[PDB]
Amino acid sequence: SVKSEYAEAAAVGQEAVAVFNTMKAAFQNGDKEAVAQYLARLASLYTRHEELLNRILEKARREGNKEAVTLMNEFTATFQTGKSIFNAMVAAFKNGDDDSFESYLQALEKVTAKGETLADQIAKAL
């Protein structure tokens, strides 16, 4: 249902944010093993998140919920903007580029804040 998919997306989204924050703290402390394993976890969560939203969107469209469909389209563009920065961050880390990695973190952090706000809005709109 819209409700069971939404609740799972919320969990998956919260997990992705928490893992990102844990990964950031690890990096500032020079814990690279930890960092890479979180990158694998984050990418995984992002894929599961996209699949859930694609299903909620279809249900939102079918019930005529133009407000959710609009918000979900803003969240998804925002999410995909952040996901492009994440990809470059993974390519950098594997290349030993710490400086590039730190800059990507800050940028991703700021995109993430935009998605969090839109998340709060989607909750009220579905």
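Rigid core (definition): largest C-alpha set, two forms, superposition within 1.5 Å. In case it trips you up, residue 1 is the first one in the sequence shown, and so on.
Choosing between 88 to 96 and 58 to 66, the greater Cα displacement from the shown form in 9 other deposited structures of this protein, fitted by the core, goes with 58 to 66. Of the two segments, 69 to 77 and 26 to 34, the one listed with the higher mean B-factor is 26 to 34 (C-alpha atoms only). Between the stretches 112 to 120 and 8 to 16, it is 112 to 120 that shows the larger average CA temperature factor. As recorded in the entry, 92 carries the highest CA temperature factor of 92, 45, 85, 39. In this PDB entry, residue 59 carries a Cα temperature factor that places it within the middle third of its chain's modelled residues.
For residue 21, the recorded CA temperature factor ranks within the lowest third of the chain's modelled residues.
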